[PDB]
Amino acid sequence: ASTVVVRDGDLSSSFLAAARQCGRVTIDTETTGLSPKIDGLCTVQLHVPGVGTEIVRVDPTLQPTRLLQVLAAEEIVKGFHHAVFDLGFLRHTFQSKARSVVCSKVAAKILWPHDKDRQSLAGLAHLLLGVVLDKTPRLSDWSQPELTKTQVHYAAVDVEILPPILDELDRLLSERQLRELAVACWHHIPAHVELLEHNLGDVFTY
């Protein structure tokens, strides 16, 4: 959490430029609960490697125009942990339909299908980076008029830790010849979000 600014309503015009120069960003959100179609989206965090992190506080009366630009941009890769969760909120709240998203949880489920510990952000961070993540601020009040120092730091860490985690999952995927499958699965995340948004369920079974 080297350099973090809390923004109201939208990503700043400076980070939009930095995201476009970089071609790659990481994204996370804080909410009032676990149901992307019922609970409230409170903040969206965006990190530009080398530049810093913005915490965007959602306004009900404002589309976060420049944030939706980044999400939709084919030429900007957006890394998440559990992209289906975060994009479900973004889709239900803002009608956002993202392109070029990747997900460390999907990656982890391909590499370690039977191990829930390695499928969590904290499991990935400890295994790959030697880093212990503090998870206690996740249940705090993200709609509070002023985010605390602890909140800001927590919200920043969970986007700033994704670039090294994602790079390391890429290498493990390539080694086991599963990267093309992870690539195909990441490419399906936005469609999977639409299926959930429309209550269409599992279209691939009998």
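Numbering starts at 1 and follows the sequence shown.
Asker: Compare the mean C-alpha B-factor of 138-146 with that of 22-30 as given in the PDB entry, and name the stretch with the higher value.
Answerer: Higher mean C-alpha B-factor: 138-146.
Asker: Name the higher of the two by mean Cα B-factor in the PDB entry, 105-113 versus 129-137.
Answerer: The entry gives the higher C-alpha B-factor average to 129-137.
Asker: Thinking about Cα B factors across the chain, which third does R66 belong to?
Answerer: Answer is middle: the recorded C-alpha B-factor places it there.
Asker: Thinking about Cα B factors across the chain, which third does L41 belong to?
Answerer: Tercile = lowest for this residue's CA B-factor.
Asker: For the chain shown, is the CA B-factor of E54 in the lowest, middle or highest third of its modelled residues?
Answerer: Middle third, going by the recorded CA B-factors of the chain.
Asker: What third of its chain's C-alpha B-factors does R118 belong to: lowest, middle or highest?
Answerer: CA B-factor rank for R118: highest third.
Asker: According to the PDB entry, is the CA B factor of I165 in the bottom, middle or top third of its chain, that is, lowest, middle or highest?
Answerer: It belongs to the middle third of the chain when residues are ordered by C-alpha B-factor.
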